[PDB]
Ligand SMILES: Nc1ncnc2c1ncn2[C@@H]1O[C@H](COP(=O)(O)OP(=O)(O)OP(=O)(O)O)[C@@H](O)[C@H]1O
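Just the one chain here, the form deposited without this ligand, laid out as structure tokens.
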């Protein structure tokens, strides 16, 4: 840690990340504007009740942060605690959100690597419509940036330069592997170990979001829960395995060094992206590094093992941490 280094490095990039962050709100600006007025119709401060404590909280809008699948995330200030949070709002199903709520908070209680929400709130019924915005607002720590936005930022201006920047790419690589190994240690699997769900927190720590999708390995579930471009072929109900997350780990490490996905897979927000929609579509299944930031040999090897097309042969993260390649990665980091 290492965490402190990433923390400072990120502070440096605050301004440009913010600009790329606003730019990504432009196309869905219609949804953002109308979610924003659904929650803050009149003024910048709304009183909500907690569905967990029954107490009130007063939340001032600071700015919209991000749009996802049927969701928008805002930065807000709790004006009694003088603390800032991310506030996530969902579009519309009532029963789906009830289940999401129970499962998210059950999973959170059961559990330093996963971003957990601290409250769930509703404008003064819960879960009913409040565009179709549900009356269910999820409060959690605000991240400095998610990896998907980081990659889009680097694609606009590559602010990871020279040796500090090389060190950051090494650190991200180690942190992605440690995080996936943590999951494995605990016999867990997450269908969305992907850049838009991987967060650099203000203390420089890398964390995984959406605790509700954190399952016991072997769990059977909707295959559609996996982003199609991050799904290996065996996901195209399915069994959620460590091999799914080894695959996704390989893809995210590739993007740290290369920004676009491998195999021609479509990577929105990256100018070098090709346009293969999924592995279900015919294409080049060869791993290619030609246009990446130059990678250390030991990284190209780790990526190649993670991205074995044979599921039974994929290197798992815990085992990767015992390989000479991982030891060298850590050794380089320590020394710098």
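For the two forms, the rigid core is made up of the largest set of C-alpha atoms that agree within 1.5 Å on superposition. Residue numbers count along the first chain shown, from 1.
Student: Deposited residues absent from the coordinates between residue 92 and residue 93, none, 1 to 3, 4 to 9, or 10 or more?
Tutor: Some 4 to 9 residues are missing between them.
Student: In the deposited sequence, how many residues between residue 111 and residue 112 have no modelled coordinates (none, 1 to 3, 4 to 9, 10 or more)?
Tutor: Per the record, 10 or more deposited residues are absent between residue 111 and residue 112.
Student: Out of 220-228 and 139-147, which one has CA B-factors that are higher on average in the deposited record?
Tutor: Taking the mean B-factor of the alpha carbons in each, 220-228 is higher.
Student: Is the mean CA B factor in the deposited entry higher across 205-213 or across 160-168?
Tutor: Between 160-168 and 205-213, it is 160-168 that shows the higher mean C-alpha B-factor.
Student: Quiz for you: based on the deposited Cα B-factor, which of 64, 290, 68, 268 is highest?
Tutor: That would be 290, according to the entry.
Student: Quick check on the deposited entry: does the C-alpha B-factor of residue 153 sit in the lowest, middle or highest third of its chain?
Tutor: Its C-alpha B-factor belongs to the lowest third of this chain's values.
Student: When the deposited Cα B-factors of this chain's modelled residues are ordered and cut into thirds, is residue 275 in the lowest, the middle or the highest one?
Tutor: Its C-alpha B-factor, which the entry lists for residue 275, ranks in the middle third among residues of this chain.
Student: What third of the chain, by the recorded C-alpha B-factor, contains residue 184?
Tutor: For residue 184, the deposited C-alpha B-factor lands in the middle third.
Student: Taking the entry's C-alpha B-factors for this chain, is residue 196 in the lowest, middle or highest third?
Tutor: Lowest third - that is where residue 196 ends up once the chain's C-alpha B-factors are sorted.
Student: Within this chain, which third does the Cα B-factor at residue 83 fall in: lowest, middle or highest?
Tutor: Its C-alpha B-factor, which the entry lists for residue 83, ranks in the middle third among residues of this chain.
The same protein also exists as the form solved in complex with this ligand; that form is not shown, yet it is the one meant from here on.
Student: Tell me, out of 98, 210, 119, 234, which residue has a non-hydrogen atom within 4.5 angstroms of this ligand in the bound PDB entry.
Tutor: None of the others qualify; the residue that does is 210.
Student: Could you work out which of 86, 265, 258, 243 is the residue within 4.5 angstroms of this ligand in the bound PDB entry, going by heavy atoms?
Tutor: It is 86.
Student: Indicate whether residue 182 is a 4.5 Å heavy atom neighbour of this ligand in the bound PDB entry.
Tutor: No - in the bound PDB entry, heavy atoms of residue 182 and this ligand never come within 4.5 Å of each other.
Student: Give a yes/no on whether residue 31 approaches this ligand to within 4.5 Å in the bound PDB entry, heavy atoms considered.
Tutor: Answer no; every heavy atom of residue 31 is more than 4.5 Å from this ligand in the bound PDB entry.
Student: Could you confirm whether residue 69 comes within 4.5 Å of this ligand in the bound PDB entry, counting heavy atoms only?
Tutor: Contact check for residue 69: yes, within 4.5 Å of this ligand in the bound PDB entry.
Student: Is residue 164 a contact residue for this ligand in the bound PDB entry, using a 4.5 Å heavy atom cut-off?
Tutor: No - in the bound PDB entry, heavy atoms of residue 164 and this ligand never come within 4.5 Å of each other.
Student: Just one stretch in 194-202, 102-110, 150-158, 173-181 has heavy atoms within 4.5 Å of this ligand in the bound PDB entry, so which one is it?
Tutor: One stretch meets the cut-off, namely 194-202.
Student: If you apply a 4.5 angstroms heavy atom cut-off, which residues in 127-162 are near this ligand in the bound PDB entry?
Tutor: Result: 140, 141, 142, 143, 146.
Student: If you fit the rigid core between the shown form and the other one, which of 100, 159, 188, 75 ends up with a C-alpha shift of 2 Å or more?
Tutor: The listed residue whose C-alpha shifts by at least 2 Å is 159.
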